[PDB]
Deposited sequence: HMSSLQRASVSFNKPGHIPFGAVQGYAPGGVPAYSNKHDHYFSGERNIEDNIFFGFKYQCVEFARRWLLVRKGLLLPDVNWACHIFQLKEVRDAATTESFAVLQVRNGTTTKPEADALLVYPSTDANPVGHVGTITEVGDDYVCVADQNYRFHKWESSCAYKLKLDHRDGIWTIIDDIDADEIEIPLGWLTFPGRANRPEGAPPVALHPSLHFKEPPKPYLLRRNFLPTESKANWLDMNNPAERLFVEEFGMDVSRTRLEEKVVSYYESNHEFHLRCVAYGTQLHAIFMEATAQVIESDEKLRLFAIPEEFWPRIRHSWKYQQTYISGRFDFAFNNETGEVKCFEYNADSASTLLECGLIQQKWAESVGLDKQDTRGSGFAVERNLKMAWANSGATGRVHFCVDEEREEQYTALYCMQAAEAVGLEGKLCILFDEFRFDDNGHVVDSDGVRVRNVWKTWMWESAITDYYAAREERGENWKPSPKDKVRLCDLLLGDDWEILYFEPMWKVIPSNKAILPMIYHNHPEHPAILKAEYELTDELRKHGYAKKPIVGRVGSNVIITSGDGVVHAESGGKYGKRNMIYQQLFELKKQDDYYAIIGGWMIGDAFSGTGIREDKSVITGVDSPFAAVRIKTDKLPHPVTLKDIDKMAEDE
């Protein structure tokens, strides 16, 4: 049956991927494998039951640990990377806690692999953490693997996939060549000699209490002053235009913020959790007329904004503004600026190149925007944009270096980019479609231009041209033609619906829906007695909302506000702007954040 969509509606819930948390299937013994959504996802959420830390929701080591517990009654110890499992000489018995000797068997030897063994993939460029799975079965020319975070389909059988097992000249080699442009060969597998499987349908064992999870340390975000002895004089590459424009706008004992890992996890979980919460509320807003009114969206744009919502469920960037209190441990989110990507480059790149220009870069501390570029290539990869992408900005260096930084990411995943300052790149063709000067019809637009500016330019265009108007090649292309043209299937990065979560009117909605959430401040459409007592700010819609206040603590006399980035659908990094009096966007210093990693 029928569809008006000519180009297919896009989304981040891809085909051949079931949603986060859904069961893909069961390993022999009834061990559930859960979907991690897609292969770059990180929930930041621990899986814990009766004080037993199984691992991170749903990453690969988590399935191994849970599986080994259910299947052989053994507790897999803590390991930084999946690949480090292959160097393990012993695991623990869940009851006695005593050590249990494992046997490392290597791939590509005269030893045939066997079932109920932990298969381990090595560390490599495009899989730098490695991987672990479970051999469930072994045939004459294949093995079967059960795992998490490799394939995201619904399991047909009792394993995620089969893998080739080569046998030549008396040597057995498991090869993973499913995708033959990314062939992979596991180190080998661990076996557990003398420990029989538990009877299928047996209940889960209970663990010795001394094997409970240790409460992790408190999150901290500490301002520190550095003693640099190895300084680089000129550090930003002027050949990379993004770095060049940035230097052209501003200029080339020092200071920074240091977080521990736990603070970083809290941001990943809180940010990811808030993203879902904002999106949910957006659906509420979209399906309600009364609310579209409340958000000051003119009624003439309701069908188009609803189109946007149904058609394009993909997006590239958004930023939460957090405050963090070291004493109380509280993170609180003010605002989700989900439609202007301001300071992506600072957080994504400049921050790290600054650390490298002083000696702050080490093995033990990692820049808080490490994942931005990888998650930004993924964002484009799964965005749904194919073919050319026009990057449209104003005559301001900030927007250009932002655009270019994204264009790089886009181009790295095979999308053709074209940077467009103002609108003289574009012409109307014979049939009234917007085209670029190579004669290519506009398909995908990334932009800094805001939708409110577009709506305003629209109503001007109406008066200045008349309602009877229809475009022709003699007509010049305005902002509204590019964003609010007759072509509604153009993919926009940041889609029109993105104004909804950025509107403060959504704040009471997300409070009412999820008051329990520790990052959410109380917000109302009308002033309550509760708020008169706790403190409040009267914040407008273009009437107004009332939002709880939150003490903003100082360090070395600096106030700090934290920017948390959603790139595509993955929380991807933090950045801090800093001021002794008032943090005021560009005019305030960017501070670099370093995460102190888990040295066991």
Provide the list of deposited-sequence positions lacking C-alpha coordinates, grouped into contiguous ranges. 253 to 262, 553 to 579, 638 to 653
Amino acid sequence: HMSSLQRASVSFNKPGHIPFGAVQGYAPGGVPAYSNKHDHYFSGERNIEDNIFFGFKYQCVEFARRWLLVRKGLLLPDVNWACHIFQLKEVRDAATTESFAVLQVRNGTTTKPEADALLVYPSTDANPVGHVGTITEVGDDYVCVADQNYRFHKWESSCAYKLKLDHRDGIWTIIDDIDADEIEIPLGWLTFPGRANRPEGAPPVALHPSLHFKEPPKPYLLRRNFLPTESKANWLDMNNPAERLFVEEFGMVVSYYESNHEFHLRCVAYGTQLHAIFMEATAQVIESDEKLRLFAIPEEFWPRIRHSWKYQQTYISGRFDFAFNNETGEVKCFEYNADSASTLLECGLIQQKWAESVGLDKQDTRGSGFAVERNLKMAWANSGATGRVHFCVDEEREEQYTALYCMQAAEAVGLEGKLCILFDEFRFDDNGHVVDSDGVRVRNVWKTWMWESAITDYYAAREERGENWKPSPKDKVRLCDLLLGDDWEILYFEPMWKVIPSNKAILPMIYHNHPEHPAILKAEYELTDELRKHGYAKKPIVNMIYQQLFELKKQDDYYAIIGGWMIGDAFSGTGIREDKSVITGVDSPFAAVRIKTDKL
From here on, numbers count along this sequence of modelled residues.
Give the stretch, out of 121 to 129 and 223 to 231, with the larger mean C-alpha temperature factor in the deposited entry. 223 to 231
Mean C-alpha B-factor higher for 317 to 325, or for 466 to 474? 466 to 474
For the C-alpha B-factor as written in the entry, point me to the maximum among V440, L491, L349, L187. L349
In this crystal structure's PDB entry, the residue among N444, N337, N107, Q87 with the greatest CA B factor is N337
Split the chain's modelled residues into thirds by Cα B-factor; is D93 in the lowest, middle or highest one? lowest
Record-listed C-alpha B factor of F301: chain third: lowest
According to the PDB entry, is the CA B factor of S11 in the bottom, middle or top third of its chain, that is, lowest, middle or highest? middle
Test of reading the entry: by CA B factor among the chain's modelled residues, which third contains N543? highest
Tell me, lowest, middle or highest third: where does the Cα B factor of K418 rank within its chain? middle
